[PDB]
Amino acid sequence: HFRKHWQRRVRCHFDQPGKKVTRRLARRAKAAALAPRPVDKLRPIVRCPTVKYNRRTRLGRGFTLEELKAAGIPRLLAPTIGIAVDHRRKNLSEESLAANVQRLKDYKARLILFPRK
Amino acid sequence: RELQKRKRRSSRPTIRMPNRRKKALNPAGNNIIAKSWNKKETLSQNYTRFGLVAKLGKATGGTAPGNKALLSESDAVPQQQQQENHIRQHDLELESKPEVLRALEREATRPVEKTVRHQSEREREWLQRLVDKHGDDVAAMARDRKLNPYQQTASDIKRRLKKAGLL
Amino acid sequence: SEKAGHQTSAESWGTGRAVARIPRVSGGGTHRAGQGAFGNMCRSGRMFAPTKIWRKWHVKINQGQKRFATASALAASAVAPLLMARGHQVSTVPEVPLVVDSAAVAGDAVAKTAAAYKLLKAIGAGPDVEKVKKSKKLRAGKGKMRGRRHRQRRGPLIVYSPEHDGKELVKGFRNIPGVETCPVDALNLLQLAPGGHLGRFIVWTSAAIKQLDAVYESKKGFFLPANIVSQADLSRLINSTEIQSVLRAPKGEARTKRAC
Amino acid sequence: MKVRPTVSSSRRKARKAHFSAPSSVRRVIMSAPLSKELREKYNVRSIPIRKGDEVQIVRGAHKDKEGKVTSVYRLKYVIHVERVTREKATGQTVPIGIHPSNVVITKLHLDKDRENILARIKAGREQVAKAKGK
RNA sequence: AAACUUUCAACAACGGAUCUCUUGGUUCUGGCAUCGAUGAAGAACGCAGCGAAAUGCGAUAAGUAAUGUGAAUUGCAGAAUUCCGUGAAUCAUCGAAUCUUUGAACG
RNA sequence: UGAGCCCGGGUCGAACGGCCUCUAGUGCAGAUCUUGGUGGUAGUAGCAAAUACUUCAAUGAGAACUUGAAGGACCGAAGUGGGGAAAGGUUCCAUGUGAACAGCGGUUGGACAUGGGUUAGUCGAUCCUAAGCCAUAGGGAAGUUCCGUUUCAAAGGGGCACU
RNA sequence: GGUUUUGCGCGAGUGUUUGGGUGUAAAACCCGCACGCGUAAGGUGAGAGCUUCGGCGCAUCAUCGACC
RNA sequence: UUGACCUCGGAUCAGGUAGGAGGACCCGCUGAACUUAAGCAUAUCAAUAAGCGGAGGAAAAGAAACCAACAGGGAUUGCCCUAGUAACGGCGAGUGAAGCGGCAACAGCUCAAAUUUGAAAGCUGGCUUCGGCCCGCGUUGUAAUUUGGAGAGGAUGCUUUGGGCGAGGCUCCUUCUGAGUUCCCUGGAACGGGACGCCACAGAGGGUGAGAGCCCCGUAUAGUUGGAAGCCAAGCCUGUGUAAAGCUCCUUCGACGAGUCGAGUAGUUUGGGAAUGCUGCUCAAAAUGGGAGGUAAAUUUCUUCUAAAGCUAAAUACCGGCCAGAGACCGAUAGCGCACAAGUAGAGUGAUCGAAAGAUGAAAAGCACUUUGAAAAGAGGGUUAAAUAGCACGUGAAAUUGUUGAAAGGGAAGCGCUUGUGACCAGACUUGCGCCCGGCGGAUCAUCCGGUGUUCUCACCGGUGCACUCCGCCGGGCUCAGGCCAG
């Protein structure tokens, strides 16, 4: 299966350990700037679409406005205290709403919020 | 290649570029993290000492053994087991251990001043002219045209008078 | 380089001329004009099968076989005869699995190189240290041109516990030639069986020995292998009462008299 | 063992830098040790050579010949000690190039700059001596 | 017998193999983002006490100013540096200047 | 047995080998093979026409082919003459040298090295237009750019006036 | 990229090395979730090897079977 | 007559801007053939090479007219598998995705559609005393407000706040920081050998007259001296205007992109005639609208988005630019054409083509002087460790050549077996062992005792054993074994 000019498009990954160090240093840089804050953002629990994977859950893009209000977190403050917000996802079932609301209350219990100035 | 050969042939000095970096790799300043951060440890190692969490996502591999920075209902409504239409918006009404975490909890709970806003000199005069003419009748003040030209409600005038201490 | 031997304009002269049918440089004003090119037999020509960076430089090895080898290397390090067979001066040291007290190596007790050198002399790892020192000499070949000037023998390997000994002994042993230091939780077969030869002299700490059970109890998908033989002493098996009682009578001797 | 990433262990680069060094760099490479009397007087081990100094040759064919430095020929990494010369065919005397690493300074040419040089080296040596001592 | 032809050996030639060396190449990795009408890249002509090229510079021309270092440059010749000093240097750094004819090239 | 291995003697001056594993741009008599060098042929073929050369002296280490003089020949104004255009670039002159070039020699040379030499109001260029080409107005073309040259271009000059 | 044979590991499982975490830093050590390939009981005669000499009978073949 | 407005012009008008280079990676346009397979043709190479236009440190893409049919996901980008699967092809040669899922990185927004209408609240200039003034643009619309998982307006009650200095800090350069030149031998020169030391968070590398941790530059860690520009920042001055902002509620409203979708047709393209996408031409829309998908389920029910306006870091690419670090790479016919005054010398009208060529010696100490020669040079003499290193310069093979030495030669030489002659050589041998006497010189003779070590019965040390025993030498005799060729 080499009917094209494959030799001019061949990528060798000799920088695999070099890029890993670069990625690890970039993660350290984020911790340097956001010193007490985590380097990530809290993300919700979602169910995989297909019937092949619907028995398993994973992480979504951001929290729905309805489940953010049920937790007791204002919309405009959520991206500021380290919570991802997704305005495209709908709940459609109490099961998804309850799981992510409980996730938010667990996040609020562990939070240390400093005065503004 | 020809440029590189030319430079090696030339008498001009080689401009040795110092290893400057766009983003710093260590915290700096006079805060708790900067004074406790160890440059020779890793991100997770430093956060584990602090007693904090570094990654809120899912663990993508095996960690070190000591790592601790990587994580009646009549109406039958599931939210009833989660409670303790307007909420606070600029703050959260939030309710053995490492030194850094304990120090951080003290800074977050330290009482601070508020810098209460005052009213302008002319705003006091407008309020004072109201209380001079109508006394304590907020309804009469709202209906006045010369002394209340912006047609503000009685509730708003009452609130401003309380802030001024004019009842 | 991909363009080596290719950045020239050459063409074969033809068949009817009494010259070899090889591409020849055109022109006419240089020594290069009319000279052969593009061939692996030709001066300043392309080499045969030019070396390419996609050559499979790295080897994939099962993690099970990697851990098997490390276990065998550790076991051979406890065998005194194999230490001598690998060139280690083990004659003044007792208890071949040499375990030193962690109290004598934890903290600043060893971070000074003079202190680390003194400890090695006291325990019995001395004669293996100047064996490395006296063995240094110049490499034979072009490795000198390429950054490998000298070579010498290997010395004792210090295995410690980073969470008990304190990681500060590494700097004490760093300068001493031949002496290599390796944490217990990450053991290297390149350091345990140098050159593929088993029987490296290792000096342990007391904390490292305790951790050695824990590290092999934590490897997932790996248990300590079971050997295919239970007793390795053949003389005991053959000369046992059980075997000898059921054997036949001998049919001859080691040397047989020739009849005719 | 080298640790800092900016340091290089290449033979090719080290020989290139040494033989293509500028004059200011060559002055440091052309240093010579100080005599024992000068060491206990200034708390200084070595110093770059210069024209006014008096040196004693301790290596080479000139066993223990003493004399004052006459020239610092930085272009070929040699110094010219007085009366250390060889005759050509014609009988005219030419100096013999001696490397600074083969000599020891016995008397030091003193000026405000070199008192500043000796003071800075002494300050570092005494700083770590007390740092190591206590 | 000599001469000539051939074989071997020693020495000497022709020629530049072999060993040794390498301020070169080749490949991989890492940090960084910077040409030009405020005239670029390229071309040309000039400039050193003694220079053809390479290199550097532009009629302030193998260079000027400033900063640092601290006593050279060197093939020769001639000046230095008072060294207890704004100060040698074909020195390094470099924020200020000079910058001929053209070339996108623009009376 | 063999591919080979080891030692002695000479030369030389700065690194190298045995053992066992790993690795490969790893083993030559050929390919009218590649590059470089060297033979026999061989001191052989050969060193052409332009009738033609000779005597003394000088220079010089060295003179058939360098000079002076004399002789014998020749071009015969459609020249073997004296000047230019184009082209070349220092070949022009003096002094010095004789490594290489002038298919013999050389003291000679358009060779080599060191110095010197080209002086204009009137001689040419510089000004003018010729056949012809280019820009601008416009119009094509994905575009590098093509057509277009007076075109349905506001395109160039000059004067007068009691202010 | 297929395929045959030999050695090695684990074996109804096997494969750490996309990636993440340590590191004495391109090595070595470790592994959370998916993912690739594979997997979720008879009669008679011979027959290696055992035998308490009565017999028991591997693998495999032949035949009668049983099931899907 | 004068004066506005519109449109179009002039100016070496005041201030600006573009062109060219580079092009490794990136965004588009345009665009082959050799080759492979098959009766042929389509196909393949390839949506590649060549050609043209346009950017950056990245570019491009990008916050659903999406994926899906789910218990749902939720901008873009990239890796892994999906997968050589679906799909298209004489179902030839072949071509060939994507959803889900694991992961790296994550970030959201700006307009047009509204009347500020109780106040163009907006902005370009150029004159300044830097206080501020005028000229204009603009109502054919510049500010504030809003951008459809929204929003506005009122009402209500909580909550929130803006500017200027700024110690100091991080990053990067920069000064300084360990230890033998101790004794002896070889050597021109120790950096070699032997002895005695020292330092080491430094035994990386290089130089110095031969292998240097301690002679020198550097190397390691913590500091320390001065400077540069960005960013952060403890604190300190102030703030203000009935100024802005988040939400809550509702007997009031809620504007969403056209020669664009779409139909027909031609070319091209894709795995993709529900045309996969794009382009040209003809016609040319809608508002409980439009697009895509699911579904035999009884009608086209249901699901999911909102096109024709725009911005945006990161994970990703990189043969180019400024550097930096490395290699089981090559070692001067190798490695780039170029380790050298190499894209040079040279060739061609031109486009273009394009080499050869490294090494005296630690130090020129590069041979003074004498002599022969016209000179080039030669010979003495000299430097050097070496001239068996004299710039035709480290070492200096073979082909080919000279001299000397030996030998052979009636129309080939060379090769195999076996003697002989001549020259030249490696071995072997030189004596060992054991007995019997004699002269000795010395107590590690047997035994016993104590201690110790072991294989627990064998040894070793110390004592006793001070001589028909034991150990070495010397002088004799004898035995045996010894090299080569033979009878």
Side-chain angles (χ1 to χ4, degrees), chain A residues 3 14-15 17-18 23 46-54 61 76 86-89 93 95, chain B residues 10-11 15-21 24 28-30 59-64 85-86 88-90 119-120 123 126 155, chain C residues 1 4 7 9 18-20 26-32 36 39 41-43 47 51 62-65 68 113 138 140 146 170-171 174-175 177 185-186 188 190 195-196, chain D residues 1-3 5 8-9 11 14-16 18-20 22-24 28-29 31 33 46 50-51 58 60-61 75 86 88-91 97 99-102 111-113 120-121 123-125 127-128:
Chain A
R3 289 185 62 87
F14 292 121
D15 51 355
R23 283 195 293 265
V46 296
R47 208 154 270 282
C48 306
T50 321
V51 74
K52 173 171 178 186
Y53 294 108
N54 66 13
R61 175 179 180 76
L76 291 162
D86 188 354
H87 79 287
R88 276 182 305 262
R89 185 165 58 88
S93 78
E95 329 302 281
Chain B
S10 178
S11 199
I15 308 320
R16 190 160 186 174
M17 285 320 265
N19 203 294
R20 287 184 271 222
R21 211 177 259 262
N30 283 317
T60 57
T63 70
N85 200 19
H86 157 85
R88 195 174 284 243
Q89 315 249 63
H90 313 99
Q119 324 165 294
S120 100
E123 168 187 344
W126 157 71
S155 275
Chain C
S1 72
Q7 43 198 274
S9 184
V19 285
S26 304
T30 61
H31 281 152
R32 185 89 187 131
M41 69 279 317
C42 296
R43 184 199 182 274
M47 79 175 277
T51 53
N62 287 0
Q63 206 172 24
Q65 315 216 66
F68 203 128
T113 286
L138 205 68
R146 290 163 193 187
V170 173
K171 289 175 317 230
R174 198 161 76 196
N175 211 20
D185 51 355
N188 193 353
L190 289 181
Chain D
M1 189 27 177
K2 136 185 141 48
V3 173
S8 164
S9 302
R11 186 175 167 92
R15 284 180 45 91
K16 192 212 226 213
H18 175 87
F19 290 122
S20 55
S23 212
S24 52
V28 187
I29 322 194
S31 325
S46 298
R50 77 156 283 164
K51 204 206 250 223
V58 301
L75 204 64
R86 63 158 293 124
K88 265 172 71 69
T90 58
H99 207 269
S101 291
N102 293 351
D111 41 358
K112 260 151 100 62
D113 296 337
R120 296 194 259 110
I121 302 164
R125 272 185 67 91
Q127 166 183 0
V128 178

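Lettering of chains follows the sequences in order, A, B, ..., and the numbering in each one begins at 1.
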Partner nucleotide, any strand, of F/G72 [Watson-Crick/G-U, under 3.5 Å]: none
Which is true for C/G195 with a 4.0 Å heavy-atom rule: it touches a base, it touches only sugar-phosphate, or it touches nothing? nothing
Does OP1 or OP2 of H/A104 have a side-chain N or O of B/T60 closer than 4.0 Å? yes
Can you tell me which nucleotide in H/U221, H/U208, H/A179 comes closest to the side chain of D/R125? H/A179
Residue pair H/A309 and H/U110, Watson-Crick or G-U wobble, under 3.5 Å both: yes
Six-membered rings of H/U301 and H/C302: centres under 5.5 Å apart, planes under 30°? no
Do the bases of H/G346 and H/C353 pair up, Watson-Crick or G-U wobble style, with both gaps under 3.5 Å? yes
Using every non-hydrogen atom in the two residues, find where D/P100 and D/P33 come nearest and quote the distance to one decimal. O-CD, 4.1 Å
Does the pair H/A258 and H/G259 meet both stacking conditions, six-membered ring centres under 5.5 angstrom and ring planes under 30°? no
How close or far is atom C1' of H/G149 from atom CZ of A/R89, stated in whole angstroms? 13 Å
Could you check whether H/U142 pairs with H/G402 (Watson-Crick or G-U wobble, each of the two distances under 3.5 Å)? no
Select base, sugar-phosphate, or nothing to describe what C/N175 touches, counting heavy atoms under 4.0 Å on all strands. base
Kindly state whether the bases of H/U469 and H/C470 qualify as stacked, with ring centres closer than 5.5 Å and planes tilted less than 30 degrees? yes
Tell me whether the side-chain N/O atoms of A/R47 come closer than 4.0 Å to OP1 or OP2 in H/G72. no
For H/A212 and its strand neighbour H/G213, are the base ring centres under 5.5 angstrom apart and the ring planes under 30 degrees apart? no
Using the P atoms only, state how far H/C133 lies from H/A121, rounded to an integer number of Å. 15 Å
What do you reckon, do H/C176 and H/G223 form a Watson-Crick or wobble pair with both distances under 3.5 Å? yes
Taking any heavy-atom pair under 4.0 Å as a contact, classify B/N19: base, sugar-phosphate, or nothing. sugar-phosphate
Would you mind classifying the nucleic acid contact of C/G196 as base, sugar-phosphate or nothing, using non-hydrogen atoms under 4.0 angstrom? nothing
What pairs of nitrogen or oxygen atoms, one from the protein and one from nucleotides 78-85 of chain E, lie under 3.5 Å apart?
| unit_1 | atom_1 | unit_2 | atom_2 | d |
| --- | --- | --- | --- | --- |
| E/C83 | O2 | D/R50 | NH2 | 3.3 |
| E/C83 | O2 | D/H109 | NE2 | 2.4 |
| E/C83 | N3 | D/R50 | NH2 | 2.4 |
| E/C83 | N4 | D/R50 | NH2 | 3.3 |
| E/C84 | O2 | D/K112 | N | 2.5 |
| E/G85 | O6 | D/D111 | OD2 | 2.8 |
| E/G85 | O6 | D/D113 | OD2 | 2.9 |

Answer yes or no: is there an ion pair linking D/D111 with D/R50, defined by an N-O contact shorter than 4.0 Å? yes
Are the six-membered rings on the bases of H/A459 and H/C460 close enough and parallel enough to be called stacked, with the limits being 5.5 Å between centres and 30° between planes? yes
Give me the atom names and distance for the closest heavy-atom approach of C/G36 to C/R32. O-NH2, 3.8 Å
Bounded by its outermost nucleotides with an atom under 4.0 Å from a heavy atom of chain A, the footprint on RNA chain G reads G/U17 to G/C35
Using purine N1 to pyrimidine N3 plus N6-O4 or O6-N4 for Watson-Crick, or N1-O2 and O6-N3 for G-U wobble, both under 3.5 Å, which nucleotide pairs with H/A49? none
